[PDB]
Amino acid sequence: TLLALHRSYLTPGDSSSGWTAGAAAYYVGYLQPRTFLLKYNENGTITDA
Amino acid sequence: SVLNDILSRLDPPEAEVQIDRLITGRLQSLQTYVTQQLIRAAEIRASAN
Amino acid sequence: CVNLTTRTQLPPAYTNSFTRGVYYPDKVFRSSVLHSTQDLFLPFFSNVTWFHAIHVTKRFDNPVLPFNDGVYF
Amino acid sequence: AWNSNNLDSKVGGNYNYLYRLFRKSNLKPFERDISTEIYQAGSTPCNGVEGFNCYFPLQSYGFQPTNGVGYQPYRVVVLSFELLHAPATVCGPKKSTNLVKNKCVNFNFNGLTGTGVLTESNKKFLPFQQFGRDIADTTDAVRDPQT
Amino acid sequence: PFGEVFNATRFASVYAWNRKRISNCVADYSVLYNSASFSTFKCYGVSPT
Ligand SMILES: *[C@@H]1O[C@H](CO)[C@@H](O[C@@H]2O[C@H](CO)[C@@H](O)[C@H](O)[C@H]2NC(C)=O)[C@H](O)[C@H]1NC(C)=O
Ligand SMILES: *[C@@H]1O[C@H](CO)[C@@H](O)[C@H](O)[C@H]1NC(C)=O
Ligand SMILES: *[C@@H]1O[C@H](CO)[C@@H](O)[C@H](O)[C@H]1NC(C)=O
C-alpha cells in the first residue's frame with residue numbers, strides 16, 4: 001500500500017524524521033477458489049450468499 | 001452449448017461433427033425424461049385406481 | 001532512497017471478516033434466482049490480518065504482503 | 001503462415017532470430033520465456049562455462065537465399081480470440097439496422113443470435129451488465145449497444 | 001490495426017514472441033482471406049469465411 005504523511009510545523013523538517021502521520025488502518029485477506037450459492041434480489045442486487 | 005453459436009461460427013462441413021454430439025446428448029436427456037415420466041405416471045395411475 | 005526512523009515492532013493483530021467480499025461473479029444479471037458459481041472468493045469467516053499505520057507511540061508500518069491467487073484489501 | 005524469402009535473404013546473412021534447443025521442463029501454453037541462460041544437464045553444471053553438459057539457451061537460424069525453399073523460412077502469425085466473456089470490441093464489417101419493437105424479428109446483438117419479440121423492459125440493469133438471463137439460464141434481456 | 005502486425009519491419013524470434021492485443025476496433029477479416037498470398041490459412045474453431 002502507498003502511504004500519506006501529515007507533515008506539519010511541529011515536525012523536525014526532514015524526509016527521515018519529520019512526520020506526524022496519525023491514525024491509519026487496512027485489512028488484507030487472501031482469496032482462494034470456493035463454490036458459492038448466490039441469491040439475487042428482484043431488483044438485481046446480491047442480498048446474501 | 002448454444003446451437004446458434006455453433007451454426008454461426010462454424011463451416012457447413014464442420015457442423016456434421018459438433019452438432020451431432022449436441023443432438024445425441026439432447027435425445028438422451030429427452031429419453032430420460034420421457035422414461036421417468038411414464039414410471040411416475042404409473043404410480044399416479046395406480047393411485048387413481 | 002529516503003528512510004524513516006523509530007518504528008515499533010509487534011506481532012500482527014488478526015480480526016474476523018464474515019460474509020464479506022462477495023461480489024458479482026460475472027456480467028449477466030438475474031432476478032429472483034439462485035446460481036452457484038465456482039469463482040474465487042474470500043472464504044466466509046476467514047481470518048484477515050489487521051495492520052496499523054497510526055503513530056498513537058512512534059508507530060508507522062506499511063510492510064509488503066504477498067499477493068497470491070487473489071488478494072482482498 | 002507465409003514465405004518472405006526475399007526479406008530473409010541477405011548477402012551478409014541473417015542470424016538475429018533464435019529458437020531454444022534445451023529447457024528443463026516444457027513451456028506452458030501461451031507463455032513466453034526470453035530469459036538468457038544456458039540449459040544444464042545432470043551433474044557437472046557449467047555455471048556459465050557453457051562446458052560439457054551445459055548449453056547456451058538458443059541456436060541461430062540458417063536462412064539463406066541459396067537455402068532450399070522447402071526448408072526456407074516462413075512468416076507465421078497466430079490470431080487467437082475468445083468469445084461471450086464480455087461485450088466484444090472487435091466487431092466485423094456488418095452494418096446496423098433500425099430497431100423494431102413488439103414485432104417478432106431475427107436479431108443479432110453483439111454476436112448473440114436468437115429469435116423473439118423484443119419489447120422494452122423495466123428491469124434495472126446496473127450500469128455494468130450487458131446481458132440478462134432467467135431462472136433456467138436462458139437469455140431474457142439485452143442492451144442495444146447504440147440504444 | 002490488422003495491417004501493422006501483418007506488414008511489419010521485423011518479426012520476433014520464438015524465444016521471445018511478440019503479442020499484440022487489439023481492441024475497440026472494427027476489422028474486416030475477409031480481406032486477409034481474399035488476398036490469398038499466404039500458403040497456410042488453417043483456422044480452428046471458427047470458419048474462415
Ligand atoms: C500489406 O502488404 C500487402 C502485400 O504487399 C499489401 O497488399 C498490396 O497493397 C497494395 C497497395 O494497396 C496493392 O496495390 C497491391 O495489389 C497489394 N498486393 C500486393 C502483393 O502488393 C497490403 O496493402 C499491405 N498492408 C496491409 C494489409 O495493411
Ligand atoms: C428496488 O426497487 C424498488 C421498486 O419498488 C424500489 O422501491 C427500491 O428503492 C429499489 N432498491 C434498490 C436498492 O434499488
Ligand atoms: C485465524 O488466524 C490464525 C493466525 O495465527 C490461524 O492460525 C488460524 O488458522 C485462523 N483461523 C481461521 C478460522 O481463519
# chains A, B, ... in the order shown; residues from 1 in each chain; ligands from 1
$ interface_residues --of "chain D" --to "chain A" --cutoff "10 Å" --atoms "only C-alpha atoms" --output "ChimeraX atom specification"
/D:123-126
$ write_last_selection --atoms "N, CA, C and O atoms" --output "mmCIF file, in the first residue's frame"
data_model
loop_
_atom_site.group_PDB
_atom_site.id
_atom_site.type_symbol
_atom_site.label_atom_id
_atom_site.label_comp_id
_atom_site.auth_asym_id
_atom_site.auth_seq_id
_atom_site.Cartn_x
_atom_site.Cartn_y
_atom_site.Cartn_z
ATOM 1 N N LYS D 123 -36.718 -3.776 -16.028
ATOM 2 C CA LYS D 123 -35.686 -4.225 -15.112
ATOM 3 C C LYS D 123 -34.528 -3.275 -15.099
ATOM 4 O O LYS D 123 -34.177 -2.734 -16.129
ATOM 5 N N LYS D 124 -33.954 -3.059 -13.928
ATOM 6 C CA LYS D 124 -32.871 -2.100 -13.798
ATOM 7 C C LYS D 124 -31.533 -2.732 -13.990
ATOM 8 O O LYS D 124 -31.012 -3.353 -13.093
ATOM 9 N N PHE D 125 -30.953 -2.561 -15.152
ATOM 10 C CA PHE D 125 -29.671 -3.140 -15.386
ATOM 11 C C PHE D 125 -28.705 -2.233 -14.696
ATOM 12 O O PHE D 125 -28.719 -1.039 -14.936
ATOM 13 N N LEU D 126 -27.878 -2.768 -13.820
ATOM 14 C CA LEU D 126 -26.880 -1.943 -13.207
ATOM 15 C C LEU D 126 -25.892 -1.645 -14.315
ATOM 16 O O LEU D 126 -25.527 -2.524 -15.084
#
$ residues_near_ligand --ligand "ligand 3" --cutoff "9 Å" --atoms "only C-alpha atoms and all ligand atoms" --output "number ranges by chain"
C: 12-16, 45-49
$ residues_around --residues "residue 21 (chain D)" --least-positions-apart "6" --cutoff "7 Å" --atoms "only C-alpha atoms" --output "CSV table (one decimal) with C-alpha atoms, in the first residue's frame"
chain,number,residue,atom,x,y,z
D,57,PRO,CA,19.8,-21.2,-24.3
D,58,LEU,CA,19.2,-20.7,-28.1
D,59,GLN,CA,20.5,-21.6,-31.5
$ interface_residues --of "chain E" --to "chain D" --cutoff "7 Å" --atoms "only C-alpha atoms" --output "list in words"
residues 13, 14, 15, 16, 17, 23, 24, 25, 26, 27, 28, 38, 39, 40 and 41 of chain E
$ closest_atom_pairs --of "chain E" --to "chain B" --cutoff "9 Å" --atoms "only C-alpha atoms" --output "tab-separated table"
residue	atom	partner	partner_atom	distance
E:45	CA	B:10	CA	6.9
E:46	CA	B:9	CA	5.3
E:47	CA	B:10	CA	4.8
E:48	CA	B:11	CA	8.1
E:49	CA	B:11	CA	8.0
$ write_last_selection --atoms "C-alpha atoms" --output "PDB file, in the first residue's frame"
ATOM      1  CA  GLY E  45     -12.878 -23.485 -34.094  1.00  0.00           C
ATOM      2  CA  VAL E  46     -14.008 -20.709 -36.410  1.00  0.00           C
ATOM      3  CA  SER E  47     -14.853 -20.922 -40.095  1.00  0.00           C
ATOM      4  CA  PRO E  48     -12.589 -18.611 -42.090  1.00  0.00           C
ATOM      5  CA  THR E  49     -15.422 -17.423 -44.309  1.00  0.00           C
TER       6      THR E  49
END
$ select_by_dssp --residues "region 8-120 of chain D" --states "strand (DSSP E)" --output "NGL selection string"
:D and (18-20 or 39-40 or 54-55 or 58-60 or 74-75 or 104-109 or 112-117)
$ interface_residues --of "chain D" --to "chain B" --cutoff "9 Å" --atoms "only C-alpha atoms" --output "ChimeraX atom specification"
/D:111-114
$ interface_residues --of "chain C" --to "chain D" --cutoff "8 Å" --atoms "only C-alpha atoms" --output "ChimeraX atom specification"
/C:27-34
$ write_last_selection --atoms "C-alpha atoms" --output "PDB file, in the first residue's frame"
ATOM      1  CA  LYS C  27     -21.639  -9.694 -16.286  1.00  0.00           C
ATOM      2  CA  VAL C  28     -25.021 -11.450 -16.573  1.00  0.00           C
ATOM      3  CA  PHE C  29     -27.890 -10.150 -14.413  1.00  0.00           C
ATOM      4  CA  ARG C  30     -30.576 -12.388 -12.957  1.00  0.00           C
ATOM      5  CA  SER C  31     -33.614 -11.772 -10.796  1.00  0.00           C
ATOM      6  CA  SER C  32     -35.121 -13.886  -8.015  1.00  0.00           C
ATOM      7  CA  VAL C  33     -32.877 -16.849  -8.775  1.00  0.00           C
ATOM      8  CA  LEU C  34     -30.040 -18.702  -7.082  1.00  0.00           C
TER       9      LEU C  34
END
$ residues_around --residues "residue 26 (chain A)" --least-positions-apart "6" --cutoff "8 Å" --atoms "only C-alpha atoms" --output "PDB file with N, CA, C and O atoms, in the first residue's frame"
ATOM      1  N   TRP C  50      -5.056  -7.501  10.354  1.00  0.00           N
ATOM      2  CA  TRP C  50      -5.107  -6.079  10.580  1.00  0.00           C
ATOM      3  C   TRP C  50      -3.707  -5.486  10.641  1.00  0.00           C
ATOM      4  O   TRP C  50      -2.773  -6.125  11.130  1.00  0.00           O
ATOM      5  N   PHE C  51      -3.567  -4.263  10.136  1.00  0.00           N
ATOM      6  CA  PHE C  51      -2.305  -3.570  10.152  1.00  0.00           C
ATOM      7  C   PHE C  51      -2.491  -2.149  10.643  1.00  0.00           C
ATOM      8  O   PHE C  51      -3.564  -1.567  10.497  1.00  0.00           O
ATOM      9  N   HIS C  52      -1.448  -1.579  11.234  1.00  0.00           N
ATOM     10  CA  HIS C  52      -1.541  -0.213  11.752  1.00  0.00           C
ATOM     11  C   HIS C  52      -0.463   0.745  11.237  1.00  0.00           C
ATOM     12  O   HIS C  52       0.728   0.437  11.249  1.00  0.00           O
ATOM     13  N   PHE C  73      -8.383  -6.298  -0.224  1.00  0.00           N
ATOM     14  CA  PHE C  73      -7.954  -5.157   0.554  1.00  0.00           C
ATOM     15  C   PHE C  73      -9.150  -4.291   0.849  1.00  0.00           C
ATOM     16  O   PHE C  73      -9.770  -3.760  -0.056  1.00  0.00           O
TER      17      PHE C  73
END
$ residues_around --residues "residue 60 (chain C)" --least-positions-apart "5" --cutoff "10 Å" --atoms "only C-alpha atoms" --output "ChimeraX atom specification"
/A:20-24 /C:4-9,51-55
$ residues_near_ligand --ligand "ligand 1" --cutoff "10 Å" --atoms "only C-alpha atoms and all ligand atoms" --output "ChimeraX atom specification"
/E:1-8,31-32,35-37
$ closest_residue --among "A:29, A:14, A:19, A:47" --to "chain C" --atoms "only C-alpha atoms"
A:29
$ atom_distance --atom1 "CA of residue 145 (chain D)" --atom2 "CA of residue 106 (chain D)"
16.6 Å
$ closest_residue --among "D:56, D:70, D:14, D:122" --to "ligand 2" --atoms "only C-alpha atoms and all ligand atoms"
D:122
$ residues_around --residues "residue 21 (chain C)" --least-positions-apart "6" --cutoff "10 Å" --atoms "only C-alpha atoms" --output "compact mmCIF listing (two decimals) with C-alpha atoms, in the first residue's frame"
# COMPACT_ATOMS: atom_id res chain seq x y z
CA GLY A 29 -7.40 -11.23 3.26
CA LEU A 31 -8.63 -15.33 -1.79
CA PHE C 41 -13.95 -15.58 -3.28
CA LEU C 42 -12.79 -14.84 0.22
CA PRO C 43 -13.95 -17.82 2.16
CA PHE C 44 -16.56 -16.78 4.70
CA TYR C 72 -8.61 -8.62 -0.81
CA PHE C 73 -7.95 -5.16 0.55
